[PDB]
Amino acid sequence: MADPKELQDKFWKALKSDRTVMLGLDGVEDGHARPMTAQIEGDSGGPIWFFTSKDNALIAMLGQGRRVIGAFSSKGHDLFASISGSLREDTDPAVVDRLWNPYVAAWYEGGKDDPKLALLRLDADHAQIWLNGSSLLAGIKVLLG
Amino acid sequence: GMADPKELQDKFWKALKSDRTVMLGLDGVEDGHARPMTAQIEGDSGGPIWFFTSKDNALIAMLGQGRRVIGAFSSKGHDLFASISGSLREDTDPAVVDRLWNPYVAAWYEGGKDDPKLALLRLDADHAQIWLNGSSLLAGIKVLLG
Amino acid sequence: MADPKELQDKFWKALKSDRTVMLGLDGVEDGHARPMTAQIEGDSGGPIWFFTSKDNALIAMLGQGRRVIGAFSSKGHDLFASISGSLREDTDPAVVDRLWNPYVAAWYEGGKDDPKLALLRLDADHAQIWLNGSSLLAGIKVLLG
Amino acid sequence: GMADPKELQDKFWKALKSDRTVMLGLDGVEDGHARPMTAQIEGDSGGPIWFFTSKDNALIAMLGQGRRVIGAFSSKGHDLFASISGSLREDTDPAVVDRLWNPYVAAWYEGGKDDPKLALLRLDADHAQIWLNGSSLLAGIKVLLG
Amino acid sequence: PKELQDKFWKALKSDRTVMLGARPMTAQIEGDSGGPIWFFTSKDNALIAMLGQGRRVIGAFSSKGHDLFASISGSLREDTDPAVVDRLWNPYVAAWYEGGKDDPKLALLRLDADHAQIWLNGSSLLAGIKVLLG
Amino acid sequence: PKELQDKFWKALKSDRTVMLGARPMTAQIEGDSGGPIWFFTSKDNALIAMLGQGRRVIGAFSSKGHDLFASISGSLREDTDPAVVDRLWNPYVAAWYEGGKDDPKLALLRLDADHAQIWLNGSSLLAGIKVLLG
């Protein structure tokens, strides 16, 4: 039997390189799935973190946690994933500190202590994963003019 | 220019037509039945957005006259992301089946167009939110070489 | 019925944009299929032309014509094609003149009148074409750690 | 550096493993039976290069102890082209079938590994000629703007 | 000639980054072809104090696929004209300024380019190297 | 700092084109990291007569995906040393010269770079725009 560790490994690798997850919240933003850049600590396992601003629309609507579905595809479209879990704000200075880098620093005027800095977390309990391979159709012979 | 609705709509339809995969979920529900499906359109722009599927797809029995859905789309290179809002229903119109028929779709059905286990869904698209993936130049770092 | 005009059109479009054909000659160069940049006049129909140098190894071996098989793929691998026909030299000044452009000019010191300039032609009678689409495997649900 | 055999061999195996499609033809013949097949290798480098196929593939009945073949390969982006010379034969070794088995291959066979219409070809690769697709800068053209 | 120049504007319009001198900046042009080339920046940028009336600049541009390289020569000056700022404004430009169009840290530079040298860069198959495979 | 500089050499080693000034040229470096940066050209190139002992040059480099931009400052001079030409030689370099290593129209320039400023360019999601679809 093929154990599911291999799929979960392909998913985490893909998420760490490609990053974008389209986050849809039921009853907020018309359910529109907005793309945000995921950051994870290490190579595998959540939580999935998203750097944002305090004036982001979702922040007022999350409360203690709002259930979400994340639409993920690898760049190149070899893997699609539906990620389910809960989204909430968790602007934890220690987490910010650990995830901080020059790319994240670009998005803030004041750096780590920028009052407009907010961090969202996705606690993903499960995901559905579809591999997308190529398939060659049958060869058709044609006279060339 | 690049941010106007006409250029964005044009890029969207161009990417959708060549890349096709839309992650479709039923709006306003517990289990959205989110899954990736292959978009097809007649022509180069404009809906409806059609999806070939099996009669036993979880979504089908929930649709009726049409249910509101969100379709999460990304181009293959990740240069464009689109969230598509619209109404989804089954419209297995033989004439539409004929026009949209191609060898790729042919491959999925052993029984062909007469396959009893065939369904064609139409997404009558209302609007889309479109996000282009741009770039951010970081602060320069002067370094010595050798 | 799907008429074969559509396939032949996809092939010619792909050949005109992507250009590279891997040309294998039986009994010459160990049968190695060498990539060369194809040029065609107009959007469709052969002959398929290849700019080269007079000191190219194949030139001495072609004679009046040597049968070839061209391996072609679109950039992105959505179409594969096996092209059969005959390859020969045909350094026709009038053809050179018609196919000439700044990209071809880059490859020659003396331009059109460079004595080292040679042109090969492939008279393709037929091709076998395989479309290569994507296929989504069945979704697998996984608990995320 | 980039033109040395080790770097070129490394790029080849990397491209072959991710892109897979090789156009295989029988060397020294009238009808080469050229067709695109999916290369698989165990590990990240080194042959044999394995190809899953149907027992009714035209090549199979011609192979015997092995026949010399040429495999025309290109990376997906067209940055590398490789012409692979080697010997091709059938080696439907159950143990190899097991190791190379994956859901993509699984998809092609309704009967699975026990499918009577299953064959596994091995290309024992001897050498390859590798052509990188570089670039040529044209002569500059000074122009007025406005 | 005209086809070549069009190729340059199309690339500049989609890829935008020009190395002006010495730093990369994001170009914007109104319409498909022709200048002036506009650069949104901040008042605290080094070049502003150095430009004055308008100084001579050299720009290094390449397309994203490296299929075109261009050397742009022109006159660079500040032209923070509210009229142009309104026309050029969009949600993307708006994202760089906390204070919108009236953000006191906003500045706009216009580059009036006179000449350019454009080197196209075609793909080219390199020499075939034979390698024993293991 | 060290990681950033390595990223620049890797990009330069794979993408090669540097806009030195004003024209694009193909860089070559021996090993993974560090200079000198070598440029194969011809004796009839304009810069050769202008370099003499070695002149100060500014180079504009960008990675092929535009994920890194670099401003390179250094000393450029001719150094057509047969010893280096032999080490740097390969079938690709050989393709530019009808006369091989002894081609009288061959020249080699070395750029001794002292400093560089490197701007990384990350991808960034732009503002979402709502559009009615037809």
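All values below were derived from every heavy atom in this structure, side-chain atoms included, with hydrogens, water molecules and symmetry-related copies excluded. In what follows, every chain begins at residue 1, and chains take the letters A, B, ... in the order their sequences are listed.
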Compile the donor-acceptor pairs under 3.5 Å between side chains in residues 70-82 of chain D and protein atoms, sequence neighbours left out, one pair per line.
residue: D:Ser74; atom: OG; partner: C:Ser73; partner atom: OG; Å: 2.9
residue: D:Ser74; atom: OG; partner: C:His77; partner atom: NE2; Å: 3.2
residue: D:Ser75; atom: OG; partner: D:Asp79; partner atom: N; Å: 3.2
residue: D:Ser75; atom: OG; partner: D:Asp79; partner atom: OD1; Å: 2.5
residue: D:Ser75; atom: OG; partner: D:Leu80; partner atom: N; Å: 3.1
residue: D:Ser75; atom: OG; partner: D:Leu80; partner atom: O; Å: 3.4
residue: D:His78; atom: NE2; partner: C:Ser73; partner atom: O; Å: 3.3
residue: D:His78; atom: NE2; partner: C:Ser73; partner atom: OG; Å: 2.9
residue: D:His78; atom: NE2; partner: C:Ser74; partner atom: O; Å: 3.4

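Applying the salt bridge (charged side-chain N to carboxylate O under 4.0 Å, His left out) test to pairs two or more places apart or on separate chains, those with a residue in residues 20-31 of chain D are D:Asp27-D:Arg68.
Under a cut-off of 6.0 angstrom, the local environment of CG in D:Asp44 is sparse, with at most 12 non-hydrogen atoms contributed by other residues, nucleotides or ligands. For E:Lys130, the NZ atom counts as densely surrounded, since its 6.0 Å shell holds more than 12 non-hydrogen atoms of other residues, nucleotides or ligands.
Annotation for D:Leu138 and E:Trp119: closest pair O-CD1, 3.3 Å, computed over non-hydrogen atoms. Annotation for D:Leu145 and E:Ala113: closest pair CD1-CB, 3.5 Å, computed over non-hydrogen atoms.
When each of D:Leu144, D:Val143, D:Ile141 is tested with E:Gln5 by the rule side chain to side chain contact (heavy atoms under 4.5 Å, CB included), just one qualifies, namely D:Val143.
For E:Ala116, the parts lying under 4.5 angstrom from a heavy atom of chain D are both the backbone and the side chain.
Counting heavy-atom pairs under 4.5 Å between each of E:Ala127, E:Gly34, E:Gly122 and chain D puts E:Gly122 at the top.
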